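Notes for the one structure printed next.
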Amino acid sequence: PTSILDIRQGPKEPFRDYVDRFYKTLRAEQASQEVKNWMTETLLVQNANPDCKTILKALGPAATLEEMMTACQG
Amino acid sequence: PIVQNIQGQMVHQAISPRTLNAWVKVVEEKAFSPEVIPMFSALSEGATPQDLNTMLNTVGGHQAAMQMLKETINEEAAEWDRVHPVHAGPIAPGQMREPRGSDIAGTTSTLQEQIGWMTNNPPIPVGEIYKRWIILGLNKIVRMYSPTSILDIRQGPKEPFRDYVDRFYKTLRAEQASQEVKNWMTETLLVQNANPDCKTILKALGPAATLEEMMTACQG
Amino acid sequence: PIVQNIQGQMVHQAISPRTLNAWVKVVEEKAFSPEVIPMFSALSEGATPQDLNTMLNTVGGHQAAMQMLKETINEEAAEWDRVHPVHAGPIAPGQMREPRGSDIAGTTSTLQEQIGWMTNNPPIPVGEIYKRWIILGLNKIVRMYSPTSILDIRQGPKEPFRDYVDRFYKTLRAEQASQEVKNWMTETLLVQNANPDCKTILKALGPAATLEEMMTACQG
Amino acid sequence: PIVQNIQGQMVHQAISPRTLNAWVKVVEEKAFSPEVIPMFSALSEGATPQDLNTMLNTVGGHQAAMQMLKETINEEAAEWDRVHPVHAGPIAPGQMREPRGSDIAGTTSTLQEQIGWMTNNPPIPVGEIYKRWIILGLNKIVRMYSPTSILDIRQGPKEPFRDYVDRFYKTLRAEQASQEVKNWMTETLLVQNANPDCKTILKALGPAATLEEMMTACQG
Amino acid sequence: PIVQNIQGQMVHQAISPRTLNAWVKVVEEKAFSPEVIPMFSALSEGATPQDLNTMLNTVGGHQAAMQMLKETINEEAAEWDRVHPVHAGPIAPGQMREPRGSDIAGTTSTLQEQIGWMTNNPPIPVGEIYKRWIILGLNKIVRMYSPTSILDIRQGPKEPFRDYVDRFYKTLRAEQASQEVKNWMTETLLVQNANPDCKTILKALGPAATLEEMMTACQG
Amino acid sequence: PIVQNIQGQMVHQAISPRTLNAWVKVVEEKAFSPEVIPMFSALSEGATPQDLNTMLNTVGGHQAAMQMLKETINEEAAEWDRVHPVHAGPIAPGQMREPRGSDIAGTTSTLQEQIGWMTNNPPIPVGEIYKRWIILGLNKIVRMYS
Amino acid sequence: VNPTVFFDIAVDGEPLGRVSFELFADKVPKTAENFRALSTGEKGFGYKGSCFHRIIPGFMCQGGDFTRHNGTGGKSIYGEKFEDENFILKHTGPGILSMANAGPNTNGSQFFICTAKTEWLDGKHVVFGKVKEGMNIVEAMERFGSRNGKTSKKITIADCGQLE
């Protein structure tokens with residue numbers, strides 16, 4: 001339905017639904033895995049909510065998905 | 001999987017549509033409850049890494065959990081390749097080469113190489129190692145889906161002891177602590193977190209408290 | 001104790017009055033703190049079971065703890081006598097007989113048998129076993145003496161983090177659980193029981209929480 | 001602690017009780033202050049790692065500081081193992097094998113091995129290494145127990161210059177960031193935070209002024 | 001910088017004041033643009049480390065960027081020492097000097113030592129190594145100075161395609177990524193973020209169309 | 001460029017800062033007039049492909065024109081590599097290998113290979129081909145700019 | 001590659017002979033550059049016209065105090081004093097040229113030429129060169145010294161410089 005560049009989190013939309021929808025659209029999208037490696041690290045943290053954005057940036061750029069998740073958990 | 005023919009050579013067989021439908025159904029129906037790991041280990045028996053990758057890819061949704069599982073598989077493969085050197089060069093006939101981590105993950109190999117590594121003498125449990133990695137990943141996932149912690153369970157004033165211990169053992173099964181620490185927890189916090197009435201009941205019961213006598217004492 | 005003469009035989013020496021005076025002073029002034037066990041193991045080094053019985057009998061008061069310690073020594077002696085057969089009959093000269101549990105306790109022997117057992121070749125240390133039993137008993141005593149449990153420690157709203165971690169680590173030193181369970185609790189319940197402000201501070205600190213980092217974060 | 005004899009050789013000696021008593025009294029009575037490190041270094045000269053573990057375990061209370069010291073000793077032991085790797089191949093006839101990072105602490109080695117390490121040819125100073133580690137840990141502890149930073153010092157309108165400089169040098173010796181930075185601080189921060197009247201009296205002498213004239217200026 | 005002097009003998013020629021003035025002017029006028037890297041690499045061809053230190057000290061302002069540059073030079077020197085340690089080996093018949101991380105960075109290396117390392121046969125590429133380090137630092141700086149992300153580049157309603165593609169390619173050149181990532185981005189992001197009026201025009205041309213076709217299409 | 005020493009070898013010489021300063025000044029002040037191509041061919045005479053890449057990278061702004069020029073260079077290199085086979089294997093000493101299109105562009109080589117190709121006997125001029133390609137690109141640019 | 005410097009020695013102005021030294025700049029480079037540069041006098045100050053103020057027969061000849069002329073002075077080309085570069089080379093015999101000092105990391109310009117094997121000095125004085133030509137000129141110098149070092153005649157570095 002939409003491109004991967006258009007995926008953006010709502011103000012109160014939890015991080016769970018945001019990352020689920022983002023990864024679903026990314027899997028539906030067609031591109032080489034090497035491009036996806038940069039696409040995730042460039043798009044996942046940027047399109048998040050400002051508070052969760054700072055929360056994930058406090059963890060670091062190369063933080064794994066599970067740590068980024070448990071950061072804003074709840 | 002690899003079904004062993006009666007009094008004959010073990011023959012390779014494609015994964016059953018029934019097996020795959022049951023797997024996708026239990027995933028969709030029960031999300032990621034602690035029993036999905038036993039049911040997965042039951043459905044996938046003697047299966048090749050190709051079969052396991054298919055059973056993982058047929059899962060729809062929970063893409064965060066799927067990516068975490070793939071990252072865990074990647075970490076396990078990296079550790080395996082780091083602590084196991086890979087030989088190269090000309091290889092003697094009738095003997096398969098050294099299985100790399102990316103090959104035991106099934107991402108850079110083929111069904112022929114997997115069956116060869118599973119039929120060699122002595123056999124190399126490529127399927128049993130990839131299943132172990134998948135079980136580690138599924139354990140991480142089910143730990144992440146844990147709604148509440150184990151140390152924060154408190155029995156309600158009206159909520160009965162049966163429901164309390166049900167929730168407590170569910171959270172204990174979900175817990176990530178080692179089995180040695182897991183025992184002390186169910187020995188202490190179970191009686192330390194209950195309601196005051198049956199708490200004093202179990203205190204009068206004293207040591208050597210077992211679940212059966214505890215539940216027979218907290219009756220009524 | 002048994003002082004080793006400089007370039008000579010390990011001559012026996014009666015316990016100096018200073019040792020017993022310090023022991024009775026600490027057991028009177030400090031009651032039964034976790035550190036008394038280290039001080040007891042320090043004062044009595046290389047001492048015969050007669051010396052340890054003299055050090056235990058000189059204790060005045062807290063007779064329930066002394067009776068528990070004697071019961072623990074009796075249980076350990078019974079276990080030793082059960083899992084070790086005792087030989088009898090004529091014994092070859094120059095070789096002492098088999099030490100019995102009631103004999104390894106020093107209650108059914110004199111100083112000569114203990115000195116002979118601590119000078120044989122190869123040496124059979126009775127002191128290092130009787131002291132081990134006394135340390136097990138003192139551990140039971142100090143566990144019994146602890147006023148509050150480890151699972152029920154909660155930081156006060158005004159009480160700072162330093163006092164909270166002091167009480168927590170004191171109760172942990174008084175705890176009876178195994179070392180892996182001890183590591184688990186000192187890893188989890190420390191930050192899981194702090195005050196909400198510094199709780200969120202330590203949560204922002206994230207994993208690999210180390211005590212000095214925690215105390216530098218909760219400052220002010 | 002080892003002690004020299006008339007012939008010149010040294011042998012193990014039991015730790016004296018009124019050393020343990022003095023250490024426990026100075027630790028409790030003075031708590032943690034910069035003048036506990038010289039007392040510790042003077043009390044345990046030539047002490048084996050077992051004696052230092054005794055003097056550390058015997059400290060009741062302030063368990064957070066003792067855990068900080070244990071963590072510092074832990075990290076220091078790991079660094080020693082990493083910096084030097086044991087050599088392989090045949091060993092010389094006149095030489096035998098060395099201890100590990102954890103055995104320098106004396107946690108997993110008997111007293112006789114410590115004595116053999118300390119009186120070997122050539123002698124191995126395990127006691128001095130572990131004493132250096134403990135002194136570093138105590139420095140970090142007295143750093144934590146500092147009640148303020150060096151920059152926040154500002155003399156009150158009524159607080160005499162003597163009390164100001166006393167507090168300044170106290171928290172400066174408790175800072176121990178460096179030695180030349182200390183030399184720059186005692187020039188700049190000491191003159192920058194005086195009360196205006198005595199401030200300009202000190203400025204009347206210029207930067208070449210020494211501390212004696214610095215104080216006798218504001219004196220009287 | 002050293003230069004080939006008639007005939008065939010390289011001699012040291014100090015850096016000319018006009019080159020330093022040109023560098024100061026280009027850093028003043030152009031700030032930190034992507035093009036400065038080529039201007040810097042061309043202004044300091046074959047420069048001794050002292051000349052590059054002079055050219056990095058003569059900068060006015062942007063002290064934060066110079067600090068990042070110095071820290072990355074230190075990191076490269078640290079990694080270089082780690083990647084080039086002296087492993088035991090038979091000594092070479094011919095001895096030539098050797099440049100340390102600090103000898104390459106021109107910190108503790110006298111000008112004569114650098115002239116030696118450069119003009120000796122075989123030459124030691126200290127100048128090119130330090131230039132690679134400074135170029136990495138300048139890449140870091142110019143990727144930091146990017147005002148907006150490449151993902152945020154979007155055309156205005158009446159903003160012509162000319163200025164849009166100019167700004168987009170400028171930000172893309174300032175951005176850091178592999179060449180294949182740029183090849184994917186120029187095909188996925190350029191056409192999408194264009195104005196719909198000309199976006200329809202670019203879509204009518206085709207997905208794999210070149211830049212000149214689209215540019216002459218939306219021309220005017 | 002490559003200055004020819006008076007009664008001596010043609011010694012290599014790095015591009016003087018004056019050349020690059022004049023080039024950036026003219027490309028900044030005069031945009032892309034028809035005469036810039038003659039001035040570009042004048043400033044860069046006997047220059048290695050490294051010199052021409054330095055002269056092109058120093059250009060600030062008009063990045064669409066630079067991308068078109070790089071695309072034209074890539075097309076010319078592809079044509080050269082298509083209509084000229086590239087030999088491989090062991091190469092006899094004293095004789096440089098076959099210059100590739102991506103190599104004749106100077107993007108996959110160092111200064112030593114270019115200097116060797118511009119000093120071989122018979123000479124193989126890489127500069128006069130890379131400059132020809134840059135002139136074709138600049139011609140396309142100035143045609144587009146009209 | 002390794003520099004070579006010489007000293008034309010004089011005993012109260014009568015010329016006595018030339019000692020020349022190979023400086024091991026490939027192992028002790030900063031120490032060797034300081035003796036080289038002080039011998040040429042290229043940094044403005046140096047050894048030319050300084051004397052050996054302490055000569056002990058069978059041990060060593062010491063000199064190099066060009067500021068105070070009695071062992072209390074001298075300065076390096078890096079400031080008055082610098083670190084002990086390293087201790088790779090040892091005092092193996094006569095002719096070894098080693099740095100004098102006033103404890104560790106106090107090297108300036110004083111040096112001593114050994115006329116015997118002095119292994120006790122190892123690890124305490126940086127060795128950075130050895131006599132190449134002229135050891136009998138160093139040996140003859142011993143006769144003008146004493147057990148405590150005091151010399152009987154003025155022994156000067158009449159001229160010095162670099163040869164190669």
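As shown in the structure tokens, the chain order sets the letters A, B, ...; within each chain, residues go from 1, and ligands are also counted from 1 in the order they appear.
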8 Å contacts from chain B to chain C using only C-alpha atoms, as a count of residues only | 3
query: Could you pull out the strand (DSSP E or B) residues of chain G from DSSP and send them as an NGL selection string?
result: :G and (4-11 or 14-23 or 51 or 54-56 or 60-63 or 76-77 or 79 or 82 or 96-99 or 107 or 111-114 or 127-133 or 155-162)
As a check of understanding: the span from CA of residue 41 (chain A) to CA of residue 68 (chain E) is 23.1 Å
Take chain B, lay it over chain D with a least-squares fit on all the Cα atoms in order, then hand it over as a CSV table (one decimal) with C-alpha atoms, in the first residue's frame.
```csv
chain,number,residue,atom,x,y,z
B,1,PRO,CA,53.4,-11.0,57.9
B,2,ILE,CA,56.9,-12.2,57.1
B,3,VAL,CA,59.3,-11.1,59.8
B,4,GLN,CA,62.9,-11.4,58.9
B,5,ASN,CA,64.8,-13.2,61.7
B,6,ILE,CA,68.0,-11.6,63.0
B,7,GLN,CA,71.0,-12.8,61.0
B,8,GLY,CA,68.8,-15.8,59.9
B,9,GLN,CA,66.2,-17.0,57.5
B,10,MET,CA,63.0,-15.0,57.2
B,11,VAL,CA,60.2,-16.8,59.1
B,12,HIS,CA,56.5,-16.6,58.4
B,13,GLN,CA,54.3,-15.4,61.2
B,14,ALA,CA,50.6,-15.2,61.5
B,15,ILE,CA,49.0,-11.7,61.6
B,16,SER,CA,48.8,-10.4,65.1
B,17,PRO,CA,45.5,-10.2,66.9
B,18,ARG,CA,46.6,-6.7,67.9
B,19,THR,CA,47.1,-5.7,64.3
B,20,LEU,CA,43.7,-7.1,63.2
B,21,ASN,CA,42.0,-5.4,66.2
B,22,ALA,CA,43.6,-2.1,65.4
B,23,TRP,CA,42.6,-2.4,61.8
B,24,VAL,CA,38.9,-3.2,62.5
B,25,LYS,CA,38.8,-0.5,65.1
B,26,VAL,CA,40.2,2.2,62.8
B,27,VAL,CA,37.8,1.1,60.1
B,28,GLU,CA,34.8,1.2,62.4
B,29,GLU,CA,35.9,4.5,64.2
B,30,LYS,CA,36.9,6.6,61.2
B,31,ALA,CA,34.8,5.1,58.4
B,32,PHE,CA,36.8,5.7,55.2
B,33,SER,CA,38.8,8.9,55.7
B,34,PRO,CA,41.8,9.7,53.4
B,35,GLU,CA,44.3,8.5,56.1
B,36,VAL,CA,42.9,4.9,56.3
B,37,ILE,CA,45.0,4.1,53.2
B,38,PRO,CA,48.3,5.2,54.8
B,39,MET,CA,47.3,3.5,58.0
B,40,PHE,CA,46.5,0.3,56.1
B,41,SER,CA,49.8,0.4,54.2
B,42,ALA,CA,51.5,0.9,57.6
B,43,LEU,CA,49.7,-2.0,59.4
B,44,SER,CA,50.1,-4.4,56.5
B,45,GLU,CA,53.8,-4.6,55.7
B,46,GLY,CA,55.4,-7.6,54.1
B,47,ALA,CA,52.0,-9.5,54.4
B,48,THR,CA,50.9,-12.3,52.2
B,49,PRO,CA,47.8,-12.2,50.0
B,50,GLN,CA,46.2,-14.5,52.6
B,51,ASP,CA,46.9,-11.9,55.3
B,52,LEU,CA,45.5,-9.1,53.1
B,53,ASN,CA,42.4,-11.1,52.3
B,54,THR,CA,41.9,-11.7,56.0
B,55,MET,CA,42.4,-8.0,56.8
B,56,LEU,CA,39.8,-7.2,54.2
B,57,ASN,CA,37.3,-9.8,55.3
B,58,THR,CA,37.4,-8.8,59.0
B,59,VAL,CA,35.9,-5.5,57.9
B,60,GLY,CA,32.2,-5.4,58.9
B,61,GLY,CA,29.7,-3.2,57.1
B,62,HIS,CA,30.2,-0.9,54.1
B,63,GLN,CA,29.5,-3.9,51.9
B,64,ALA,CA,29.1,-1.7,48.8
B,65,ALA,CA,32.6,-0.4,49.3
B,66,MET,CA,33.8,-4.0,49.8
B,67,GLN,CA,32.2,-5.2,46.6
B,68,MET,CA,33.7,-2.3,44.7
B,69,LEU,CA,37.1,-3.1,46.1
B,70,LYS,CA,36.6,-6.8,45.0
B,71,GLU,CA,35.5,-5.6,41.6
B,72,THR,CA,38.6,-3.5,41.3
B,73,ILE,CA,40.8,-6.4,42.3
B,74,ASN,CA,39.1,-8.5,39.7
B,75,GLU,CA,39.7,-5.9,37.0
B,76,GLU,CA,43.3,-5.6,37.9
B,77,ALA,CA,43.7,-9.4,37.8
B,78,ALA,CA,42.0,-9.6,34.4
B,79,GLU,CA,44.3,-6.9,33.1
B,80,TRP,CA,47.4,-8.7,34.5
B,81,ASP,CA,46.3,-12.0,33.0
B,82,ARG,CA,45.6,-10.4,29.6
B,83,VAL,CA,49.0,-8.6,29.4
B,84,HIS,CA,50.9,-11.5,30.9
B,85,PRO,CA,50.8,-15.0,29.3
B,86,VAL,CA,50.6,-18.0,31.6
B,87,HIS,CA,52.9,-21.0,30.9
B,88,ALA,CA,51.9,-24.6,31.5
B,89,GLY,CA,53.2,-28.1,31.2
B,90,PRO,CA,55.9,-29.8,33.2
B,91,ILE,CA,57.9,-27.4,35.4
B,92,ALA,CA,61.5,-27.8,36.5
B,93,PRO,CA,62.0,-28.6,40.2
B,94,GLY,CA,63.1,-25.7,42.5
B,95,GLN,CA,61.4,-23.2,40.3
B,96,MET,CA,57.8,-22.1,40.9
B,97,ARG,CA,55.4,-21.8,38.0
B,98,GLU,CA,54.0,-18.6,36.5
B,99,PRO,CA,51.8,-16.8,39.0
B,100,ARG,CA,48.3,-16.3,37.5
B,101,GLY,CA,46.1,-13.3,38.2
B,102,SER,CA,43.7,-15.3,40.3
B,103,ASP,CA,46.7,-16.6,42.2
B,104,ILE,CA,48.2,-13.2,42.9
B,105,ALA,CA,44.7,-12.3,44.0
B,106,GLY,CA,45.0,-15.1,46.5
B,107,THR,CA,41.6,-16.6,45.6
B,108,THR,CA,43.0,-19.8,44.0
B,109,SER,CA,46.3,-20.3,45.7
B,110,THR,CA,47.6,-21.3,49.2
B,111,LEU,CA,50.0,-19.9,51.8
B,112,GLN,CA,52.7,-22.3,50.6
B,113,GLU,CA,52.6,-21.0,47.0
B,114,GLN,CA,52.5,-17.4,48.3
B,115,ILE,CA,55.6,-17.9,50.5
B,116,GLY,CA,57.3,-19.8,47.7
B,117,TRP,CA,56.7,-16.9,45.3
B,118,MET,CA,57.9,-14.4,48.0
B,119,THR,CA,61.1,-16.4,48.7
B,120,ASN,CA,62.1,-17.2,45.1
B,121,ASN,CA,65.3,-15.8,43.5
B,122,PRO,CA,64.7,-13.3,42.2
B,123,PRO,CA,61.7,-12.6,44.4
B,124,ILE,CA,58.3,-11.8,42.9
B,125,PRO,CA,56.5,-9.1,44.9
B,126,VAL,CA,53.1,-10.8,45.0
B,127,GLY,CA,52.3,-9.0,48.2
B,128,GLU,CA,53.4,-5.7,46.9
B,129,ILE,CA,51.2,-6.1,43.8
B,130,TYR,CA,48.1,-7.2,45.7
B,131,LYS,CA,48.6,-4.3,48.1
B,132,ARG,CA,48.9,-2.0,45.2
B,133,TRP,CA,45.6,-3.3,43.9
B,134,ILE,CA,44.0,-2.9,47.3
B,135,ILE,CA,45.3,0.7,47.5
B,136,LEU,CA,43.8,1.5,44.1
B,137,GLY,CA,40.5,0.1,45.3
B,138,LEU,CA,40.6,2.0,48.6
B,139,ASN,CA,41.4,5.2,46.6
B,140,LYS,CA,38.3,4.6,44.5
B,141,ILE,CA,36.3,4.1,47.7
B,142,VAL,CA,37.6,7.3,49.4
B,143,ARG,CA,36.9,9.2,46.2
B,144,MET,CA,33.3,7.9,46.3
B,145,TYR,CA,33.0,9.0,50.0
B,146,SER,CA,33.9,12.5,49.1
B,147,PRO,CA,31.0,14.6,50.3
B,148,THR,CA,31.6,17.7,48.1
B,149,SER,CA,33.6,18.4,45.0
B,150,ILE,CA,36.9,20.4,45.0
B,151,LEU,CA,35.7,23.0,42.4
B,152,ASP,CA,32.7,23.9,44.6
B,153,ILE,CA,34.5,25.1,47.7
B,154,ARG,CA,33.8,28.6,48.8
B,155,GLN,CA,34.9,30.3,52.0
B,156,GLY,CA,32.2,31.6,54.3
B,157,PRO,CA,32.1,35.3,55.3
B,158,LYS,CA,32.9,34.5,58.9
B,159,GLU,CA,34.6,31.1,58.4
B,160,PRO,CA,38.3,31.8,58.8
B,161,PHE,CA,41.1,31.2,56.3
B,162,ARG,CA,42.5,28.4,58.5
B,163,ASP,CA,39.3,26.4,58.4
B,164,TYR,CA,38.9,27.2,54.7
B,165,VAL,CA,42.3,25.9,53.7
B,166,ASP,CA,41.8,22.9,56.0
B,167,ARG,CA,38.7,21.9,54.1
B,168,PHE,CA,40.3,22.7,50.8
B,169,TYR,CA,43.4,20.5,51.4
B,170,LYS,CA,41.1,17.7,52.8
B,171,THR,CA,39.1,17.8,49.6
B,172,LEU,CA,42.3,18.0,47.6
B,173,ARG,CA,43.7,14.9,49.3
B,174,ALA,CA,40.4,13.2,48.5
B,175,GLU,CA,40.5,14.4,44.8
B,176,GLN,CA,41.2,11.9,42.0
B,177,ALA,CA,43.1,14.3,39.6
B,178,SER,CA,46.7,13.6,38.6
B,179,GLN,CA,49.5,15.2,40.5
B,180,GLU,CA,50.4,17.6,37.6
B,181,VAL,CA,46.8,18.9,37.5
B,182,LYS,CA,46.7,18.7,41.3
B,183,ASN,CA,49.4,21.4,41.5
B,184,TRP,CA,47.7,24.0,39.3
B,185,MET,CA,44.6,23.6,41.4
B,186,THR,CA,46.2,24.4,44.7
B,187,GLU,CA,48.1,27.3,43.0
B,188,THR,CA,45.0,28.9,41.5
B,189,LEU,CA,41.7,28.0,43.2
B,190,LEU,CA,43.1,28.5,46.7
B,191,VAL,CA,43.4,32.2,46.2
B,192,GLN,CA,40.6,32.4,43.6
B,193,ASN,CA,37.9,31.0,45.9
B,194,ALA,CA,38.7,32.8,49.2
B,195,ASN,CA,36.8,35.7,50.8
B,196,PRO,CA,37.3,39.1,49.1
B,197,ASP,CA,39.3,40.7,51.9
B,198,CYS,CA,42.1,38.1,52.2
B,199,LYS,CA,41.7,37.6,48.4
B,200,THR,CA,42.9,41.2,47.8
B,201,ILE,CA,45.5,40.6,50.6
B,202,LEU,CA,47.0,37.6,48.7
B,203,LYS,CA,46.7,39.5,45.4
B,204,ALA,CA,48.8,42.3,46.9
B,205,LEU,CA,51.1,39.5,48.1
B,206,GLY,CA,51.3,38.6,44.4
B,207,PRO,CA,53.2,35.6,42.9
B,208,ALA,CA,55.3,33.0,44.6
B,209,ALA,CA,52.5,32.7,47.2
B,210,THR,CA,53.3,30.0,49.8
B,211,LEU,CA,50.9,28.7,52.5
B,212,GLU,CA,53.0,30.1,55.4
B,213,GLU,CA,53.1,33.7,54.1
B,214,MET,CA,49.5,33.5,53.0
B,215,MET,CA,48.3,32.5,56.5
B,216,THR,CA,50.6,35.1,58.1
B,217,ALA,CA,49.0,37.8,55.8
B,218,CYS,CA,45.4,36.7,56.4
B,219,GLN,CA,45.9,37.0,60.2
B,220,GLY,CA,43.3,38.9,62.1
```
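If you look at CA of residue 109 (chain F) and CA of residue 48 (chain F), they are 11.6 Å away from each other.
Residue-level contact on chain A: within 12 Å of chain C, counting only C-alpha atoms, the set is residues 54, 55, 56, 58, 59, 67, 68, 70, 71, 72 and 73 of chain A.
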Residues from the last selection, C-alpha atoms, saved as a PDB file, in the first residue's frame:
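What follows is the written file out.pdb:
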```pdb
ATOM      1  CA  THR A  54      16.015  10.114  22.133  1.00  0.00           C
ATOM      2  CA  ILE A  55      15.596   6.883  24.117  1.00  0.00           C
ATOM      3  CA  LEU A  56      16.941   4.806  21.217  1.00  0.00           C
ATOM      4  CA  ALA A  58      20.820   7.045  24.060  1.00  0.00           C
ATOM      5  CA  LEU A  59      21.479   3.343  23.435  1.00  0.00           C
ATOM      6  CA  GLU A  67      17.765  -3.603  23.185  1.00  0.00           C
ATOM      7  CA  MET A  68      16.031  -0.870  21.185  1.00  0.00           C
ATOM      8  CA  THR A  70      13.277  -3.145  25.673  1.00  0.00           C
ATOM      9  CA  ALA A  71      14.291   0.520  25.874  1.00  0.00           C
ATOM     10  CA  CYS A  72      10.799   1.892  25.148  1.00  0.00           C
ATOM     11  CA  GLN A  73       9.033  -1.210  26.508  1.00  0.00           C
TER      12      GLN A  73
END
```
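Reported to one decimal place, the separation of CA of residue 6 (chain A) from CA of residue 27 (chain A) is 14.5 Å.
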Please, which residues of region 22-134 of chain D, numbered as in this document, come out helix (DSSP H, G or I) from DSSP, as a ChimeraX atom specification? /D:22-30,34-43,49-57,63-83,101-104,111-118,126-134
Next, dump the selected residues to file, keeping only C-alpha atoms, as a CSV table (one decimal), in the first residue's frame.
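Printed below is result.csv as written:
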```csv
chain,number,residue,atom,x,y,z
D,22,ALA,CA,43.7,-2.2,65.7
D,23,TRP,CA,42.7,-2.4,62.1
D,24,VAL,CA,39.0,-3.0,62.9
D,25,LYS,CA,39.0,-0.2,65.5
D,26,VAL,CA,40.6,2.3,63.1
D,27,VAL,CA,38.3,1.3,60.3
D,28,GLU,CA,35.1,1.8,62.5
D,29,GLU,CA,36.2,4.8,64.6
D,30,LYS,CA,37.7,6.8,61.7
D,34,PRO,CA,42.6,9.8,53.6
D,35,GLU,CA,44.6,8.6,56.6
D,36,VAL,CA,43.3,5.0,56.5
D,37,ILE,CA,45.6,4.1,53.6
D,38,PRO,CA,48.9,4.9,55.4
D,39,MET,CA,47.6,3.0,58.5
D,40,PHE,CA,46.6,0.0,56.3
D,41,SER,CA,50.0,0.0,54.5
D,42,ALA,CA,51.8,0.2,57.9
D,43,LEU,CA,49.7,-2.5,59.6
D,49,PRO,CA,47.3,-12.6,50.5
D,50,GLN,CA,45.4,-14.7,53.1
D,51,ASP,CA,46.2,-12.1,55.8
D,52,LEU,CA,44.9,-9.3,53.5
D,53,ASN,CA,41.7,-11.2,52.7
D,54,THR,CA,41.4,-11.6,56.5
D,55,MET,CA,41.9,-7.9,57.1
D,56,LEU,CA,39.3,-7.1,54.4
D,57,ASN,CA,36.6,-9.7,55.3
D,63,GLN,CA,29.7,-3.4,52.8
D,64,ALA,CA,29.3,-1.2,49.7
D,65,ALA,CA,32.9,0.0,50.0
D,66,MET,CA,34.1,-3.5,50.5
D,67,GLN,CA,32.2,-4.6,47.4
D,68,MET,CA,33.8,-1.7,45.5
D,69,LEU,CA,37.2,-2.9,46.7
D,70,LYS,CA,36.4,-6.5,45.6
D,71,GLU,CA,35.3,-5.3,42.2
D,72,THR,CA,38.5,-3.3,41.8
D,73,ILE,CA,40.6,-6.3,42.8
D,74,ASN,CA,38.6,-8.4,40.4
D,75,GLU,CA,39.3,-6.1,37.4
D,76,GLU,CA,43.0,-5.8,38.4
D,77,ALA,CA,43.4,-9.6,38.5
D,78,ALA,CA,41.9,-9.9,35.0
D,79,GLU,CA,44.4,-7.3,33.6
D,80,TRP,CA,47.4,-9.2,35.0
D,81,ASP,CA,46.3,-12.4,33.3
D,82,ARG,CA,45.8,-10.6,30.0
D,83,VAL,CA,49.2,-8.7,30.1
D,101,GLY,CA,45.5,-13.4,38.2
D,102,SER,CA,43.0,-14.9,40.6
D,103,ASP,CA,45.7,-16.7,42.7
D,104,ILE,CA,47.5,-13.4,43.3
D,111,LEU,CA,48.9,-20.6,52.5
D,112,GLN,CA,51.9,-22.9,51.9
D,113,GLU,CA,51.9,-21.9,48.2
D,114,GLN,CA,51.9,-18.2,49.2
D,115,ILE,CA,54.8,-18.8,51.5
D,116,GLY,CA,56.7,-20.6,48.7
D,117,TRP,CA,56.0,-17.8,46.3
D,118,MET,CA,57.2,-15.2,48.7
D,126,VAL,CA,52.5,-11.5,45.5
D,127,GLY,CA,51.9,-9.7,48.8
D,128,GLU,CA,53.1,-6.4,47.5
D,129,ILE,CA,51.0,-6.7,44.3
D,130,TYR,CA,47.9,-7.5,46.2
D,131,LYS,CA,48.7,-4.6,48.6
D,132,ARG,CA,49.0,-2.2,45.7
D,133,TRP,CA,45.6,-3.4,44.4
D,134,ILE,CA,44.0,-3.0,47.8
```
Give one line per residue of chain G that approaches chain E to at most 10 Å, naming the two atoms of the closest pair and their distance in Å to one decimal, counting only C-alpha atoms; sort by chain then ascending residue number and deliver it as CSV.
```
residue,atom,partner,partner_atom,distance
G:1,CA,E:95,CA,8.4
G:2,CA,E:95,CA,9.7
G:25,CA,E:97,CA,9.4
G:26,CA,E:95,CA,7.0
G:27,CA,E:97,CA,9.5
G:29,CA,E:113,CA,9.4
G:30,CA,E:110,CA,9.6
```
Residues within 9 Å of residue 20 (chain F), please, as a list in words. Count only C-alpha atoms; anything in the same chain fewer than 3 positions from it doesn't count.
residues 39 and 42 of chain E; 15, 16, 17, 23, 24, 25, 43, 54, 55 and 58 of chain F
